[PDB]
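As structure tokens, the structure follows; a few thoughts come after it.
Reconstructed Cβ throughout: ideal geometry from the backbone, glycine too, with neighbour counts over all protein chains shown. What follows draws every value from the coordinates through simple rules; no lab data is involved.
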Amino acid sequence: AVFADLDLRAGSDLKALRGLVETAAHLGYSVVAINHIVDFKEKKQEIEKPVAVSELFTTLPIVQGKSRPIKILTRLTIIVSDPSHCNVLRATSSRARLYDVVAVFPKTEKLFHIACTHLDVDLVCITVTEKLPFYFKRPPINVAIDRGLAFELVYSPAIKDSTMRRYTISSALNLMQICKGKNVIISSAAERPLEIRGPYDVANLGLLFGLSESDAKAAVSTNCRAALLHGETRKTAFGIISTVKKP
Amino acid sequence: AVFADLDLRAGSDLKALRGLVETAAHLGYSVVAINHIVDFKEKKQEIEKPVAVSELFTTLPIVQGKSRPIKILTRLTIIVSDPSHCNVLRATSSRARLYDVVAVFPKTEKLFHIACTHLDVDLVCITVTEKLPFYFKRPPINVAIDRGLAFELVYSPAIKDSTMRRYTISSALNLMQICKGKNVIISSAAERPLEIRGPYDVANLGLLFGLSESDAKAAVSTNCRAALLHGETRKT
Amino acid sequence: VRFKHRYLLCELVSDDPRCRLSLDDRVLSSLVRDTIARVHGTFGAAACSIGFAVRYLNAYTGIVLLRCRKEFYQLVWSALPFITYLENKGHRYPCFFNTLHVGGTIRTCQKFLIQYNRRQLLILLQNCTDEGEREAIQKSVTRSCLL
Amino acid sequence: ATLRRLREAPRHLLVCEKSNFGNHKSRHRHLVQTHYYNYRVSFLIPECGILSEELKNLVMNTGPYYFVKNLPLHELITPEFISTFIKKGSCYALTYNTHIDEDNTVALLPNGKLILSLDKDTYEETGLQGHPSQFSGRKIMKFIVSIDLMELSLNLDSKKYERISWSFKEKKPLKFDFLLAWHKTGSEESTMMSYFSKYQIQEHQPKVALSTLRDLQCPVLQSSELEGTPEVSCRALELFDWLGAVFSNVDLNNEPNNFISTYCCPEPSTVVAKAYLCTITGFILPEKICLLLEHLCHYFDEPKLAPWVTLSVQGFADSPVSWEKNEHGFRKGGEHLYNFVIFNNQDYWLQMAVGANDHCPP
Amino acid sequence: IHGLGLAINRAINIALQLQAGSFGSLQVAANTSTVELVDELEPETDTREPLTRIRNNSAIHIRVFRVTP
Amino acid sequence: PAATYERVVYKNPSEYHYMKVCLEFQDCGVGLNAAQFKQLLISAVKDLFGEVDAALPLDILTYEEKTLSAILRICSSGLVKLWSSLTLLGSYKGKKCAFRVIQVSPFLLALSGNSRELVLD
RNA sequence: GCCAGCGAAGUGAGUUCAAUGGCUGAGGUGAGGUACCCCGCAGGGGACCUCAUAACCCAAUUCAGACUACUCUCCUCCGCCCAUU
């Protein structure tokens, strides 16, 4: 029962990035992941040396739980709008095998179907900003629940405008009447040093979404475990993981 | 299955009074009664001929539902603040035996205790507007439900003020934790000619007050039927 | 693979009938979606906006048909008493009144509108007592037998 | 559907029992001795400005308790540790700050049953016979293994002992931070500091907070009425809501203002001039509470001015197994607690608090 | 509406209450006639034969129009 | 005096749920008040659940100014509706804030000790 | 190989811009507990209290049959490994 995972979308300086690690370590978070926003306009993919976790952190993260170090992982979130840009993402299966968990952000119903059936990703970002209606069809959902695909239902409405509170609750309740709530995770993309809540309080925002009476606690613990483990079988191989042990 | 029996607090003129009767006849109402405001300021006793509805209305109340005439009743609302004014109600009970259903408005929890036990009334007016301190106690509620005494909740939050919306929903839920919904009615006062709601509209407005999932429909139908059934033996 | 809908009827009962002429689908969609945000918060303002749409509206008659879900019909049907002050160029005070909450099923939702319309013209006979209007009632009965 | 679960309920339970201390079939001793983990022990006596010196020496002698950093599980199953503490008394172990629904949690029983709660990543690697504890839908995430060390002590060369001892040493290393304590019930007295000389053991004393509250508005009670008579006595449910506010420094009046506090006293009440407060914060042995329960039972040997006293013991929010069978989880809160409202006529009220996913014994 | 001799005591009752109920111009025309009624009686006896009695009963035909007011 | 035994097993008799309140601010200018914290609770539920749920029965207990710790309670219908409204930083003036919950238990006797750390070393 | 239909009111659900598996309370069965009662063979029954009752999925003219997606469950047939004698 690996508990209190995150998906943070913030990088501009090491002063604000280390502050989010110490703040998440304070409340309940044991494994903290960092996304990387890649757009289709710039066509830039900085994959080689993006973060340097062991080099640019001061060697000792401390949580109030088991007092274990934080498994700081680097994830990838690609804003995808055109099918002429996803071909570069399909070329990353053999060129650059980094960014352990890869998340995709679709915008087209023709592109949402191939991401859940044909494209090999780990999670799918569903966020609605500034009047983005999108229909949720049942055949691309019913295959993803057996395949192992999850959904980053990333919430951050309290940053700038209170009108963004409507577009998060509208798109989530469109999903809960259709997906039935098998593997849907929630996380907050925080850029400010106080935009993260405790994981005991996050589980009601998924119950604000509905999703269960009890699996809303498991939507941050159990479904985040199956979503992180989907990136491990995509990283090395799907059936055999060979690790080098040198004592 | 006598449905939509609510009460109005309305007297200014015959034009505004008949407009509320024709509007209530249009929606669902088969029993409409007129309340009279009696307080300790003026100390007036107009009991014999207050309105005489049957001698002024043009003899035909027609509804578009069951298509039956409306039994128009006369009810009284006494605002009581001091216990010296409560003794007036025990003196006028034998002098003028009118006003078939009697409703009283208490303000003190010591006076609320004798209203639920010793004072002979039929309904209890509970309206909290603009910071009225009145807390509810559990033993005076448990006697009134066994006696058959009802409790009012008169609302008009949608037109006049927005600050008055909060005191009608907060003082209601202080009563819902104790009374449990054995005999609770929810009527509405109407001074303007459009301050009334529909017959099935009260059934979600009681669910807006909470209190039930199905018995909120019985708060306008079943608990309102027990007012005339218990008040008829008090008159005779 | 299909959604279960709920269809609720409404009726504007008011004087000063210039308010009944100022009815539009753009105004009604901006009225109901705003008054849910005034009574409830941003939860019900968007939970009753993903299936909410207008389908049937007659400004000369005054019947309002609205769309809502099985899971969220209790928020729209509880926001109906708190609809006042339809602000326009003039001074208007309408107020909606429900008739019967129909569970989907448009056909019998139109059947209840027929029996409500037939009971309204029969009561209107003796109360109005107009010779020019009674001939217009006879035009309504004769054309209804031709249907 | 979506609107029902936003307002319905969480699961909570309360069992109220009245009884007699002089009864031969009373289970006031068996329910406390077989309650395994205790953190908060608080007792109240109204109208007590001068504490008795016998009770004051009992508060300062509840512990001590030890804390060992990074202690492995194979140390607790050696025959040297069993013959020292387990065979000659009752030794307790609780993994500190390892939550019951987040990480691995190992607990030790005085009957010699090492009952530990593991997750799915550890239950499949250790290879110990267990069973599921709470269903989380379909993906079962937690498992509990019960290891009886006293039955393994009869045959140390058996196949059951070598399966468990190999599973901790070379098969799966598991170190934890234990809250260790031992009750001296043996002939040869050996301290815990002499045995754990390798690891970082620290002797800790329980925190004692002594306070005196004035002008407390205590309710009126009748011991032969649990539901509460109207306008004469109070309900036993109403005291369990009132009692936590006195310990949390909440004793206010009605203030009609912008900040109205709608917390009324349970009526009918009685103005009590003095009230003694105590808070014993630490890893408390249940045997020390039994000497505390019998001293409060002997508090009414003399005619006292107080009508009733208080004994309320709050357990941890991290205890795997309490009340000998109940697997206490953690679903958005929920704690286990019991209470004693001791009267002058040897009668007591037993108010047991049940959390979210928890059961209750008689 | 039809009805026999006992039924026409209450078949007239549903027609007149429809006038105050439906509230519209509904013309009522009634037509009386004769309904024959053959009764058979036969005991369980070998020497007996069923004597078939003759009897008549009164009926009505209360006809409700839909007259345009 | 007498000697008897009674077994009554209640099932959800509480109808109340207590909450420990902890506040965190960015700037050091904490110009709050017990009357002003009540205004922050009403306007926060009004922005998510509205004016009807804004006047749910809730009260402030043992409020402190320096520590910014209080105790709130709403019934079983309003336990969910308070966690959601205060999650999205219902600030007073406009400076950004956070609301982080220490412990939740339906009784103050279970809330008074600790649930978060459970020993402070 | 080829050849045969009837626009006419109303399906123990009968919708068609596509109704209906509701809540509470008390049981059944499947685990757990008793300071309770009766029968007297250490035993058994009753009473009371806590909890599970689902997943797969949706009528569109209907029925029989094959195929496929299934577990709160019951019946039949067995395998592997652990431990015991």
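Matching residues to (1) more than 30 Å from C:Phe3 (Cα to Cα); (2) within 16 Å of RNA strand G (Cβ to nearest atom); (3) in contact with an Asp or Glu (Cβ under 6 Å, 6 or more places away or on another chain); (4) touching a residue at least 24 places away in the same chain (Cβ under 8 Å):
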site: C:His91; (1), (2), (3), (4): yes, no, no, no
site: C:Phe96; (1), (2), (3), (4): no, no, no, yes
site: C:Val102; (1), (2), (3), (4): no, yes, no, yes
site: C:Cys109; (1), (2), (3), (4): no, yes, no, yes
site: C:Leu113; (1), (2), (3), (4): no, yes, no, yes
site: C:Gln120; (1), (2), (3), (4): yes, no, no, no
| remark: If we ask which residues in segment D:1-42 are more than 8 Å from every other protein chain (Cβ to nearest Cβ), more than 9 Å from RNA strand G (Cβ to nearest atom) and over 30 Å from D:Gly63 (Cβ atoms), their number turns out to be 0
| note | Residue hits (segment F:1-53; at the interface with another protein chain (Cβ under 7 Å from one of its Cβ atoms), surrounded by 13 or more Cβ atoms within 10 Å (Cβ to Cβ) and basic (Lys, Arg)) are F:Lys38, F:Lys46
| note | Of the residues in segment D:292-338, those that are within 16 Å of RNA strand G (Cβ to nearest atom), within 14 Å of another protein chain (Cβ to nearest Cβ) and farther than 27 Å from D:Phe178 by Cα come to D:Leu311
| task | Output the number of residues of segment E:6-24 satisfying the condition of being among the small types (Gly, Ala, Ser) and loosely packed, with under 14 Cβ neighbours inside 10 Å. | result | 2
| task | Could you please find all residues in segment D:244-265 being touching a residue at least 40 places away in the same chain (Cβ under 8 Å) and either surrounded by fewer than 20 Cβ atoms within 10 Å (Cβ to Cβ) or closer than 11 Å to D:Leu216 by Cα (or both)? | result | D:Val246, D:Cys265
| request: Output the residue which, of all residues in segment B:180-192 that are surrounded by fewer than 19 Cβ atoms within 10 Å (Cβ to Cβ) and closer than 22 Å to C:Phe96 by Cβ, is nearest to RNA strand G (Cβ to nearest atom). | output: B:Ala189
| field | Filter result for F:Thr62 (of a type in the set (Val, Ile, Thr) and within 14 Å of chain C (Cβ to nearest Cβ)) | value | no
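Scan the strands (runs of 3 or more DSSP E) fully inside segment D:150-233 and keep the ones with 2 or more residues being away from RNA strand G (no atom under 16 Å from the Cβ) and basic (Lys, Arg).
Filter on segment D:150-233 gives D:175-184, D:207-219.
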| task | Working carefully through the options D:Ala353, D:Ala317, find the one that is in contact with an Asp or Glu (Cβ under 9 Å, 6 or more places away or on another chain) and under 19 Å from D:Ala236 (Cβ atoms). | result | D:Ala353
| Looking only at helices (runs of 4 or more DSSP H) that fall completely inside segment B:105-210, which ones have 2 or more residues that are within 14 Å of chain F (Cβ to nearest Cβ)? | B:164-179, B:201-208
| message | Condition check: under 30 Å from D:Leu180 (Cα atoms), touching a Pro at 6+ places or on another chain (Cβ under 7 Å) and either in contact (Cβ under 8 Å) with a residue 40 or more places away in the chain or surrounded by fewer than 19 Cβ atoms within 10 Å (Cβ to Cβ) (or both). Does D:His35 satisfy that? | response | yes
| request: Would you please list the contacts, defined by Cβ atoms under 8 Å and residues six or more apart or on different chains, that run from a residue in segment B:225-236 that is over 18 Å from B:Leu89 (Cα atoms) to a residue that is among the aliphatic types (A, V, I, L, M) and surrounded by fewer than 17 Cβ atoms within 10 Å (Cβ to Cβ)? | output: B:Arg225/B:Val2
| So F:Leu118, is it facing chain D (nearest Cβ under 9 Å) and touching a strand residue (DSSP E or B) at 6+ places or on another chain (Cβ under 6 Å) | no
| said: Given (1) without any contact (Cβ under 8 Å) to a residue 40 or more places away in the chain; (2) away from chain A (no Cβ under 14 Å); (3) away from RNA strand G (no atom under 14 Å from the Cβ); (4) closer than 26 Å to D:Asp358 by Cα, identify the lone condition not met by D:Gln129. | reply: (3)
| query | Do any helices (runs of 4 or more DSSP H) entirely within segment F:13-121 hold 3 or more residues that are in contact (Cβ under 8 Å) with a residue 12 or more places away in the chain, and if so, which? | reply | F:34-48, F:80-85
| request: Answer yes or no as to whether D:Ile289 is more than 14 Å from RNA strand G (Cβ to nearest atom), touching a strand residue (DSSP E or B) at 6+ places or on another chain (Cβ under 9 Å) and assigned to a loop (DSSP other than H, G, I, E, B). | output: no
| field | One residue from E:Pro50, E:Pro69 being within 30 Å of C:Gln120 (Cβ to Cβ) and part of a loop (DSSP other than H, G, I, E, B) | value | E:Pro69
